[PDB]
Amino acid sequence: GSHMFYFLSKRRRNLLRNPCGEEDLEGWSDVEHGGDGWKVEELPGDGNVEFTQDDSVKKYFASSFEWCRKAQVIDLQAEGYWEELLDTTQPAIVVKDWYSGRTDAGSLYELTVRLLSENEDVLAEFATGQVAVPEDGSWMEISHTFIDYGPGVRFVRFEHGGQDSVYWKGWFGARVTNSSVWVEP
C-alpha cells in the first residue's frame, strides 16, 4: 500500500501503442510490407472464431505472401520506470502476442523482442524463430518474461511478422493482434 511491489502492480499497463490495428499502422515503425503488405481486418468474418479472454479485441493485422514485419521501441524511462529501478531491481518485463492463420492456407509467424541499452546495445533477447501457425485457425498466445537481465536496460524493441505458406496474392499470411509489453514486480 506503499511498497514498490504495490506501485509496480498499480502502474502495470500495456506500453505498446495500437496493438490491434484500431489506428491502422500508427505507432508502428520499421513497417515492412512483403507481397501485398499488411492489412487490418475485423474479427468475426468467422472461421474457427475464438478470440476469448478479451472482447475489446476487434481487429487484427493480416500478412501476405512475403514477410510483413513491424516493430515498436518502448522508452521505459519515459514511461516512468526509473533508471535505478531498471538497473538493480530488474523488474519483470512481460511480452505477449497473439497469432492465428486461415483454415484454407498455412502460415508462419515470428517474434523477436530485445532489451536495449540507452545506445541500442542488445542486452537481452527472446526470439521464437519461424513458427507454424495453427492449421485450424485458432488463436495462439506467445508469452515471455524477461528477468535477471542485468543493468542498463532502457528500451524494449518489439518486432513481429508473418507470411503465408502458399505464396498466394492477397492476405493468407499470419495474423497478429493484442500485442503487449508491460512491467510487473
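From 1 onward, residues are counted along the sequence shown.
Between 117-125 and 56-64, the higher mean Cα B-factor belongs to 56-64. If you average the C-alpha B-factors over 167-175 and over 14-22, the higher value belongs to 14-22.
The entry assigns its greatest Cα B factor, within the set 157, 160, 39, 154, to 39. Residue 100: CA B factor lies in the middle third for its chain, per the PDB record. The entry lists a Cα temperature factor for residue 107 that places it in the lowest third of the chain's modelled residues. Ranked by Cα temperature factor within the chain, residue 146 sits in the lowest third according to the deposited record.
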